[PDB]
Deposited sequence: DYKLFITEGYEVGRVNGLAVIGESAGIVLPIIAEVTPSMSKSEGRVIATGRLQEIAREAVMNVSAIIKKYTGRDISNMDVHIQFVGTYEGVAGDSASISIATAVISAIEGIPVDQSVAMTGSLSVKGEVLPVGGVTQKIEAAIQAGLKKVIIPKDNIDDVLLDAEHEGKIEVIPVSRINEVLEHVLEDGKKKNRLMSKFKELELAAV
């Protein structure tokens, strides 16, 4: 069996990438759900709960500012698929941020696209460690594309055999992430139009 889906579109699920030990890449899928608070909490458990809190708090800033969803009155549940000892995750992981946006908006995410990077509270995608090793894991999982922070482009060093097996997509900002992974449609168009101001503000 496998804990990631390699093709198709799913709401609230993103193929993130992380490292186990010092150097081994893994596909680390994230599933998010948002609910009414019945003040909202970030609900997460385990070794990566701090990363979940970082990502959810940072994405909440951009959601409030640019989309106007009252995420402060929602509970946000973050699930990491596959428990591993010694996982090193991306600070403020963009995969978690993306899963939250997908969940709140009801817009499915392309499972063939893995991603790694850290979300700034301003909507920028900041560099992370282990990019080559994460890309390798994505290739071994049969994923088609991998989003990485633009500032990590020169960190990519793959074998000739692995090069060519995956499309590497460098990004500066969260809206480029959403452009590449969200399912095309009315909902996406509408959301992307709200995020345009983030791009205008950031350039």
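J.: Need the unmodelled segments of the deposited chain, numbered from 1, in order.
T.: Deposited residues absent from the model fall in 1, 40 to 42.
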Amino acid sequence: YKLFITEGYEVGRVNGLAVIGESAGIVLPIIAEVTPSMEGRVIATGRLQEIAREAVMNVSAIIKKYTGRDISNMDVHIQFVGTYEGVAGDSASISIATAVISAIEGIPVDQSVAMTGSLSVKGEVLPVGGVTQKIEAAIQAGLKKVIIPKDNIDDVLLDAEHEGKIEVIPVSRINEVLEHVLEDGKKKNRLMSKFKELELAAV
From here on, numbers count along this sequence of modelled residues.
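J.: Of the two stretches 46 to 54 and 156 to 164, which shows the higher Cα B-factor on average in the entry?
T.: The entry gives the higher C-alpha B-factor average to 156 to 164.
J.: When the C-alpha temperature factors are averaged for each of 118 to 126 and 82 to 90, which stretch ends up with the higher value in the entry?
T.: Result: 82 to 90.
J.: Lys134's Cα B-factor: lowest, middle or highest third of the chain?
T.: Lowest third.
J.: Which third of the chain holds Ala32 when residues are ordered by C-alpha B factor: lowest, middle or highest?
T.: Answer is lowest: the recorded C-alpha B-factor places it there.
J.: Would you mind checking where the Cα B-factor of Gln140 ranks among the modelled residues of its chain, as the lowest, middle or highest third?
T.: It falls in the middle third of the chain.
J.: Could you look up the Cα B-factor of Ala61 in the entry and say which third of the chain it sits in: lowest, middle or highest?
T.: For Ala61, the deposited C-alpha B-factor lands in the lowest third.
J.: Quick one: classify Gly25 as lowest, middle or highest third of the chain based on its Cα B-factor.
T.: Answer is middle: the recorded C-alpha B-factor places it there.
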